Amino acid sequence: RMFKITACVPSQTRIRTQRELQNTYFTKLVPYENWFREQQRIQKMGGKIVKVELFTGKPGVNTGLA
Amino acid sequence: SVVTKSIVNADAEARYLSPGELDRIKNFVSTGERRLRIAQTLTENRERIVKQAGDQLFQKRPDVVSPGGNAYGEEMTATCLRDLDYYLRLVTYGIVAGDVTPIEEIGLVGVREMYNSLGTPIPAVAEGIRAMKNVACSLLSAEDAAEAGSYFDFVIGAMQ
Amino acid sequence: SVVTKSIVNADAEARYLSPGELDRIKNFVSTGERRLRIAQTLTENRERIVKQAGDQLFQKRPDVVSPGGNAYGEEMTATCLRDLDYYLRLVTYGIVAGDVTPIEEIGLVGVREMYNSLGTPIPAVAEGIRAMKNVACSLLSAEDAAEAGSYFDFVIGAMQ
Amino acid sequence: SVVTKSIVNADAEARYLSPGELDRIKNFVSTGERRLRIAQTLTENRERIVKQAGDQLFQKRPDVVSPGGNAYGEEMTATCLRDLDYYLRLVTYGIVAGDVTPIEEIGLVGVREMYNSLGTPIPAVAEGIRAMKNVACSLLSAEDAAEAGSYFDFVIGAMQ
Amino acid sequence: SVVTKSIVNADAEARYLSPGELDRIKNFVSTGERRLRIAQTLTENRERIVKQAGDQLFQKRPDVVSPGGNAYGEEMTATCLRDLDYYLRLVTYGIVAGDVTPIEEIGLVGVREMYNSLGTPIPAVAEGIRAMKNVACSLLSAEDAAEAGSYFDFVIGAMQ
Amino acid sequence: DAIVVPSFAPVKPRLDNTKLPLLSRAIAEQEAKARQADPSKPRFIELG
Amino acid sequence: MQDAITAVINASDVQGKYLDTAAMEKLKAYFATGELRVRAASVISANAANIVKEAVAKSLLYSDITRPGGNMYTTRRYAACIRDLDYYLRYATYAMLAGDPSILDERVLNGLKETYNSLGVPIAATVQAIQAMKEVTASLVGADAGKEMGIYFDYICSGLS
Amino acid sequence: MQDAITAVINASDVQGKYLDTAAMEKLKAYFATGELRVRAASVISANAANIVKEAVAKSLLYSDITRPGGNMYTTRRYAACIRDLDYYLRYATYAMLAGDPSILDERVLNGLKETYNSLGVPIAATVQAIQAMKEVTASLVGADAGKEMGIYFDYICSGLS
Amino acid sequence: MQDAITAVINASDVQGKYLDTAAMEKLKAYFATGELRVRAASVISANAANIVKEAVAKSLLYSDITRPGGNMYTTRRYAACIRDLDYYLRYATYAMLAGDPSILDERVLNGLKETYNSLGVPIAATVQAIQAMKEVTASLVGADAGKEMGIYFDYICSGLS
Amino acid sequence: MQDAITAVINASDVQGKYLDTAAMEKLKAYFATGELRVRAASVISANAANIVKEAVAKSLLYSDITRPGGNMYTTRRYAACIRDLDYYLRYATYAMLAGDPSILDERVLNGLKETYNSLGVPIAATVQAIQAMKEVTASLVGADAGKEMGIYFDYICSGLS
Amino acid sequence: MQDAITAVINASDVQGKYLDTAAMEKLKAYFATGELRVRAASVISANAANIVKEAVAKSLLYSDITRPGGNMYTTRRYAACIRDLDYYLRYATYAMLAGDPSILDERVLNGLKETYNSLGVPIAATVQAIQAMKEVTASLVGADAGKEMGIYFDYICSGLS
């Protein structure tokens, strides 16, 4: 059940001379198992979670999950 | 704040605060009145601390206020003195907070990049903050002045 | 211990101990004598706490000592009473140390795995430890009972 | 103990303990709890009891503590209080024992010779014990005072 | 003897007698008076030491003199007391010599082999010699008894 | 087929503490002061 | 990721002004309340599992959502629901200890509404359930601490709503 | 001699401190045991002669010791054996009531082994007889009393051997 | 990782006994000494850079080691050498604060021998350098604290050698 | 990783000859025994935790090892010990199902004794424990499947020893 | 191997100093206790076999270890066990005579744990046995000397652990 997510990762830890746009703003497909762990990590990093969609799977399915 | 750091550690391990971490915030809670007192005398004497320390800094390395120095002219010297006031109130925030997280966030990350973009010498900034520390120590009691001095020391180290 | 926890965190941060962390170590050092006395009275009343609390637990949970229960049979009941003695021992260690580090290392980590293999219900174990906390509270003054109660609270919360 | 005294008499008689002797042992068994309670009261009020007794004894015979007296000076007065405390502890032992056997072997055999050698006045020591008896009667229940007074009285007679 | 053992060690390492070894030789010769006196006491009381200690051995180990035992019958018991007599003689020789090499040379090299061939119990012989040592304690003053006791100790230790 | 890092072995320290200089001073002090006379107490000659 | 002290100094920093006596009054009030907060946290932690059990029993159990086709039917979904309630309680006590709602917004409510609607989790039912948690927690911590617990529980309710 | 109470008093005197809580409960243990002790003592006195007779019948009677040349094979020797057994029994009953082995050490077991040895009376035979007397005494006195009487008689037998 | 307190309670735990009075005496001694430890740590933490600077100057400089081909020659290796010296001083003060050398053996000296042999670092030169650190830090913290820092520095020396 | 069939065909593959009749016979034997192998695996899959519990009680409990200082003492160490027994039983059922001990050598017995020596685990006590597991699992699966489980359990013991 | 005097002079030699007043103190203390050490050594030399005999009976006999399958079973292994106890007692008397535990570490406890683990000897059971020896030898030598023997028997126990 891959979740399509859109998120930001502003970082005050350092000022980066190399490219940072790629990591800063991104959309990724995160599987259902990973999403809670990733949600907690990005929320801890303090980035704003702009958007979430259920790219694969169905909103509710008792069995037959991906 | 130490409260913030304790919550962060427990959140990382997905645990409620352990009794020791709870005891830490208890101790800081009782220490709060002392910390507020130290910050209060700093803000009451903010003008005096800034002024004589600034004159001492210019006396120490006059090249800053000499022609060709970054702070040559009354307007330039005024803005640098404004920066000294900025850093002093940063230290007041750190003193009440109990840790250096507010100081770092407000005015440290990228310290070299900011002041070299301005063309200002960071070692000279260090001497200015050192003068502020000395004047602040005079206005603090010796027992209290140890606590404020630690934040000043962190700031000068970060300036370098 | 307070010292071991502070040094662990400072080791990860690669810093000589922060002045605030040293201050906490100072306060723990001064309060150590009160901690030792609290631990002393607990070990002096080891016998009363175990038997009184265990009988409270069996009243609260007659199922465990019933036939078809985990502890039925004087021998099995006695070994559960031993477990209660073990956990009181760990709590006395924790009170002296000042953190849960000894408690969690010695026991209370793989607690669910061990007790699932043994067949005991871990909430029932938690009920027994709660009874121990109540008896110890009665044997302590209100201040002292609060300090010891926190470590008992950590143990029962981890059991659940 | 009373049992010890009965055993000594039986050993001399070369006969098993008499039925009446066993009956008194039974009475001692019954009165063990009451005797222990009285002894606990004396031990609890120990410092105040002998403090008041010392003041009363020095008032009755001021030459014990005056210049040229045996206990002249603070250190020797404290030693006099210790001797009284030795007697008080012996009386508590004897109250627990239910017999004069504990005291007689400690402080009632050769005590006159020892006190004569050091120079302390035997009559004044006896008065001090009497002052203790009055204080104990004040600090104990009426029948508790009667029994404790009896043991105290044997000590006073021994001093004579 | 001490003299011969010192000479043997010096012979092995090819050295003339060291000054300290010469002192020890001189000391042993001078205290030979005490040595002879102790040996004279033991030979004066050869009869009772053997007789009393052997009776104590028989009482402590009834199985040795029981039927179907090594000492059954007056003839065998006479030989058993003869063995104890031999060992006391060796002990007196050892006291005179100042060393245990005469005792070992005569009667501790192969005692297990000889006694097992005879059927005699080696631990029982050791216990008989222990009885001789205990009898010796009364006969010899405390200072003297320690000196003779060591030779008895070697005999029993080798026997076991 | 060998494991370079099989597992990290615990070590029993060779140097026993309470022999270390600071604790040793403190242990001496607590013992000696306990045996000595006690401040702020009425009876001190009675104690063994 | 802020507490009461961080919020006060950051607000003064946004103004650019130095610490004011009114700001220090806010700090004093938080310090005066600190010990009360700490003991509440210990109680919450020890009884956290029981708080969740009682609240779920009083709010969600023996109802249509646990009945088949109700979004908490199936063991996997039931486990996720109780876990989420556990996390709500833990973050709530973090916020209570801090004395600030910043943690709730930064680490809980962000993306929570978007994810819950994406999976169609019944947001009204969750809000009712955490209200049930709120009264259980109020009983355990006491009235004083319960009022502080209440504002952060209601803050989470607002974010879900 | 000593008692349980007297021995605790002696220990407290050695320590130099007034009655402690530990002293209180040690003394209280003696106080509780007193009822059992005195009842058993009355029984022991009542059946004392029968106890001796039963013990020797169980152990040394109808044996080579009784037969000629067995250290008990005379009217005088037999009377002496019964006498020494009665001496041990009486002092043991004393000591059981007292609760301490000081009485047995001071009187019963002083030089007894050496005197027995020089006479030639068998220490092992006496020890067997003492154990038989202990069995008979425990039966007569009762289970709880037998345990205490066993301890005191054990001191006598062990000291003899 | 262990402390003096943690070591004491762990020893009692291995035996399976609640903290004995002897164990309590050890713990009380550590508490009595804790303030002295905190003071000494405050001192050397402030002077850590100076301690490293003086030790390097006294033993490691103006020698072949810091001239071409000497293992301290090259700025990368010079930075690494002074970094290792601050490592040693920082862990030494951790061990001093703890009152236990378990920190040093668990962290500092686990395979440190092997790393230096691989790298080509001269073990003897490192031992000389930390000996110089020991002299400087002992002078700063005083005699009684210095003999406490001294044992931990010598423990590191022995591990290296 | 190999099984009986894979080993047979690989042995023929090295030669490059097609499967001859003797190789076919070996394959037929494995097919003949396969049905009982499947039944045994299904049986001990059902009783996995119970088998571990029984073996632990049989040899590892109420012994010094689980008493303080014994290496099964401490809750973590108890969990690790039962985890290892779970590992051994699961790999034993893998080897029994395959008909080859290659899994045991490849995934269990390589670097196992050295890790146990470093950890301080008693190899002898582990061997005893899995011997007890062998008894319990043999009883559950039956005698002939018990012979098959036994050879692989013994294989594990030999590797540990 | 060292003794108290050799250790003192070796430490002074390492620090390149004539014997200190504190070093002279340690030497005097050893000389004051020396005659007591000599007397104790004589006592347990005479009773060495008896001490081993009692300790074996008091913890190692009529137990699962000496019953079949318990390592001490078999006459070989019984002889080895009692020989090891004689080794421990003899080296304990060496250490007591010397006044230093260096003998124990250098000749007994080096590799002893490793060999016992390889052999299958129970380190716990040997520790229990030598503690039984400690009790017996303390009774024979006396209380003062028994303390001195204990600080070396415990040293052997700790090495075995």
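Which chain is which? They are A, B, C, D, E, F, G, H, I, J and K, in the order written, and residues in each are numbered from 1.
To be clear about the criterion, a contact is a pair of C-beta atoms (placed from the backbone, for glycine too) under 8 Å apart; a residue touches a chain by one contact, two chains touch by 3 or more.
Between the interfaces A-G and A-B, more contacting C-beta pairs are found at A-G. Repeating the D-H interface with over half of its contact pairs identical by residue number, the matching pair from C-J, E-H or B-G is B-G. One inter-chain figure worth recording: chain B and chain C are separated by 43 Å, centre to centre, where each centre is the mean of the chain's CA atoms. Averaged C-alpha coordinates put the centre of chain D at 70 Å from the centre of chain G.
In this assembly, the C-alpha centroid of chain D lies 79 Å from the C-alpha centroid of chain J. Between the CA-based centres of chain F and chain H the separation comes to 48 Å, rounded to the whole angstrom.
For chain C, residues touching at least two other chains, in rising order: 19, 98, 106, 150, 153-154, 157.
Taken residue by residue, chain F touches two or more other chains at 8, 46, whereas all remaining positions touch fewer. Multi-chain contact residues, meaning those touching two or more other chains, occur in chain A at positions 44. Every pair of chains in contact is given here: A-B, A-G, B-C, B-G, C-G, C-I, C-J, D-F, D-H, E-H, E-K, F-H, F-I, F-J, I-J, J-K.
Considering their complex, residues 12-15, 44 of chain A touch chain B. Here chain C touches chain B in the complex through residues 2, 5, 9, 19-20, 24, 27, 98-100, 150-151, 153-154, 157, going by the rule given at the top.
Of all residues in chain F, only 46-48 touch chain H in the complex they form. By the touch criterion given at the top, residues 64, 69-70, 117, 122-124 of chain J touch chain K in their complex. Put simply, chain G touches chain B in their complex at residues 1-3, 5-6, 8-10, 12-13, 18-19, 24, 27-28, 30-31, 34-35, 38, 41-42, 44-45, 48, 90, 93-94, 97-99, 103, 107.
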